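Engineer: Got an experimental structure here, sequence first:
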Amino acid sequence: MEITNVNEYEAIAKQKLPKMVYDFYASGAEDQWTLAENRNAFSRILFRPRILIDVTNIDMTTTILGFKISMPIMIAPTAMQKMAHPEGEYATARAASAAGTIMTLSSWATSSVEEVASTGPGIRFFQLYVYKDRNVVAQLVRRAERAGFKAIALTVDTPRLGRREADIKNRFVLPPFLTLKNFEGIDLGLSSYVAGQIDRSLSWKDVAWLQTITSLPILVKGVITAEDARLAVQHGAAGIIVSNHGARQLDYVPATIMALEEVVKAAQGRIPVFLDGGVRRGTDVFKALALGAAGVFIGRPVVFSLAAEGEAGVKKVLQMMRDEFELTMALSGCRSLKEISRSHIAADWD
Amino acid sequence: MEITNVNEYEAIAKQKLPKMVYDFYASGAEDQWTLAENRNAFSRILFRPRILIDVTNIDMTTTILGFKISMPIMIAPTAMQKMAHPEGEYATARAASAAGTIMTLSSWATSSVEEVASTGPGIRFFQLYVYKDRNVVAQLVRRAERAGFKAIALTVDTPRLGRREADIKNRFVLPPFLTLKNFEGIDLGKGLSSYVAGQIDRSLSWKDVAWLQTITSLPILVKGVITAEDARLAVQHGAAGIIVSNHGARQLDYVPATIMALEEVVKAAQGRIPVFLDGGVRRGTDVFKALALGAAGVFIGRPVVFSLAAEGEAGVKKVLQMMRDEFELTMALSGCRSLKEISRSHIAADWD
Ligand SMILES: Cc1cc2nc3c(=O)[nH]c(=O)nc-3n(C[C@H](O)[C@H](O)[C@H](O)COP(=O)(O)O)c2cc1C
């Protein structure tokens, strides 16, 4: 018994919630292509432990944009799960302290910006989108603040949505007793309005154009090819993370991996590098974490455990990686990310 | 050698600011009749001491909306006060914070809600300013999220805004460099200074008042009342706290003085919710009165700006200790040990 295997939640799930509905969380838009390698490329790349490492003091817990987090296994902009909950989403809140790190969510993530965090003194990372005008966007500046909802990040990839006809192929709408609780009281109603943001304003013309607008940081997400990404660096925001909707948006997109050093090279340091690929067993997250990482990005993973174990639920998960990967860390020795290296990780591709 | 008069400032900080600045802060609607009827108004309420009592200790200490604002005087949301010392809004939050009260800022702010809050730990409110299309509002309202602006001073008296002469002769040049970083620049999607002078909804109603509620909690106040027809109306429509006002006598003139118009506004909504009048108030002598009429706590405007503009974070920091250190004479000499023992039982007022 007990919770050991990460995808132990995967069976249970089948018989824990509605399909139509869950079809919003984990679901790969397009050809099931990118969710495969996402659980298979680091499952591909190996590591050869460094030998006889004396240990006393270890850095699992680390200084990032200030703070020394135990496990920076930060999330990623989430979405639509109140029909996957009783007492709330202050779970992933009370978690970013228990299983402390970067809490990141979305506006579809139907929680009240102030309410979820009703458990603690930490910072926060908002889900953006270049919403179909600026009465829709721009105003994100007007929310996710320093002394509050800390850092920003403009989604430099999406201006339409990945069509995975799971829920799409049936009768879905949404829980009556809900809306997009974040966007709610708007220039609405809160039925269709919010979707009408889909427009291809794919330019930096409205990116650095915004830095003179916000005082808040901007980990502009979605940067899977330094080949316009050098430009996502030549022009841009901050901590620029490669991200393919979490193994989708266009299932056939390569896993967020390959762009790892291909962008950490066409950007390096500067305004940071990251990757959004699925990393369930507390090793997988480690892989990319060496070859091109700073925190430990997620979102939906906690979505089984966000869906079936409450506040705690998600907390343990990050531990499923903080315990897990620290095992790794101290196992093959290394006690900080600087001593962490490439030729120790037995990567197939170099 | 040190000089004390809580407005001896007005005139010094008058010579410190460019015409436009002083007049932007020192105006009133057209004839400005109610400007002096904002001060010579409290003079029509005669005191009424009680004597031979224990005054070793007193008590300014409050709790407005479940908030102990250190002392009963608060700050009212003045527009760009960064023009009047490039810091303003920013150093007012820190000033009040050290002063333990509220630092209330408007949407017409120089420093944004992102920007000011870096000042750190302390109680503060933010004035809502509903606009034509409510997508930008909706997001501003939820900006002061679990950052903490506690309430929202929704300003019900500013659809078409008051005709303060001055401005439109010495045509108010919104200082090229300097910006209203609270929106700073929005647009739908196809500007600053006149974006803000490019947005608002002249049809704000108790139906919009409805909507605002499903987009938040943050105790929605009623800013801009001087009658009891919109007072009982104010409890009729779910809320707490009122911000009875004239708008620094900036929206409409010849409309009663906050103090004078007060009795009917408090007396109307009884025990439902507490009222706070932000206007006229420049001494604890006269501050006392408001609290006597039934307005549990009061905000402050102009007096707070002719201080930053005058002398930095020390400016307002006397505007508050001079103010606070003036309610400990008033409460003392009238026989009171704290707010509990005040009330208009304890006085006399001209009209009556
Ligand atoms: C420069 C200036 C701009 C103002 N703009 C606003 C505003 O944006 N909205 C609002 O409700 N109050 C505004 N106020 C008025 C106050 O919030 C407050 O009612 C007033 O200044 C208190 O009057 P007193 O100055 O005699 O204390 C303005 C006042 C001044 C001095």
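Structural biologist: In hand now; what should we look at? Numbers count the residues shown, from 1 in each chain, chains lettered A, B, ... in the order given.
Engineer: Quick check, central residue of chain A?
Structural biologist: Nearest to the mean C-alpha position of chain A, by CA atoms, centre = their mean, lies residue A:76 at 2.1 Å.
Engineer: Pull the number of nearby residues for whichever residue of the stretch 201-350 of chain A sits closest to chain B.
Structural biologist: Using CB to the nearest CB, residue A:215 is the residue of the stretch 201-350 of chain A that sits closest to chain B, at 5.1 Å. C-beta here means a position set from N, CA and C on the backbone, and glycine is covered the same way. For residue A:215, the count of nearby residues is 17 (other CB atoms under 10 Å in any protein chain shown).
Engineer: Tell me if I'm right that it and residue B:112 touch.
Structural biologist: Yes: in this structure, residue A:215 is within contact of residue B:112 by CB atoms under 8 Å, at 6.9 Å.
Engineer: Give me the common contacts of those two.
Structural biologist: Here residue A:215 and residue B:112 have residue B:181 as joint contacts, going by CB atoms under 8 Å, 6 or more residues apart in numbering or on different chains.
Engineer: can you give me how far stretch A:291-298 is from the chain middle?
Structural biologist: Distance of stretch A:291-298 from the chain centroid (CA atoms, centre = their mean, to the nearest Å) equals 10 Å.
Engineer: Run through who's touching that stretch.
Structural biologist: Applying CB under 8 Å, 6+ apart, the external contacts of stretch A:291-298 come out as A:64, A:71-76, A:101-102, A:239, A:241, A:260-261, A:263-264, A:272-276, A:279, A:285, A:289, A:318, A:321, A:325, A:337, A:342, A:345, A:347.
Engineer: ok, now which ones touch residue A:310?
Structural biologist: For residue A:310, the contact set (CB under 8 Å, 6+ apart) comprises A:87, A:91.
Engineer: Which phi and psi values does it adopt?
Structural biologist: As for residue A:310, its main-chain torsions (degrees, to the nearest 10) stand at phi 70, psi -150.
Engineer: for the one 10 residues further on, same thing?
Structural biologist: Taking degrees, to the nearest 10, you get phi -60, psi -10 for the backbone angles of residue A:320.
Engineer: can you check the one 10 residues further on too?
Structural biologist: With angles defined as degrees, to the nearest 10, residue A:330 shows backbone torsions of phi -70, psi -20.
Engineer: Count the residues that sit near it.
Structural biologist: Number of residues near residue A:330 (other CB under 10 Å) recorded here: 14.
Engineer: so which helix or strand takes in the residue of the stretch 201-350 of chain A closest to chain B?
Structural biologist: Counting by DSSP states H and E, there is no helix or strand that carries residue A:215.
Engineer: Show the residue spans covered by the helices in chain A.
Structural biologist: Along chain A, counting by DSSP state H, helices occupy A:9-14, A:19-22, A:34-37, A:91-98, A:208-211, A:226-229, A:231-234, A:259-264, A:284-292, A:302-308, A:310-331.
Engineer: Is there proximity between the fifth one and chain B?
Structural biologist: Read that as helix A:208-211. No: judged by CB under 8 Å from any CB of the partner chain, helix A:208-211 and chain B are separated, with a smallest distance of 9.3 Å.
Engineer: And that helix, how far out from the chain middle?
Structural biologist: The chain centroid and the centroid of helix A:208-211 are separated by 23 Å under CA atoms, centre = their mean.
Engineer: in it, what's buried?
Structural biologist: Buried residues in helix A:208-211, counted by 16 or more other CB atoms under 10 Å in any protein chain shown: A:210, A:211.
Engineer: now do the second one
Structural biologist: Buried residues in helix A:19-22, counting neighbours by 16+ other CB under 10 Å, are found at A:20, A:21, A:22.
Engineer: Does the second one touch residue A:85 like I think?
Structural biologist: No: contact between residue A:21 and residue A:85 fails when scored by CB under 8 Å: they sit 11.5 Å apart.
Engineer: Isn't residue A:101 up against residue A:68?
Structural biologist: No: look at residue A:101 against residue A:68 with CB under 8 Å: they stay out of range, at 11.5 Å.
Engineer: more neighbours, those two?
Structural biologist: Higher neighbour count among residue A:101 and residue A:68: residue A:101, with 24 against 11, using other CB under 10 Å.
Engineer: what's the closest non-adjacent residue to the more buried one?
Structural biologist: Using CB to CB, 6 or more residues apart in numbering or on different chains and skipping residues adjacent in sequence, the residue nearest residue A:101 is residue A:74, 4.8 Å away.
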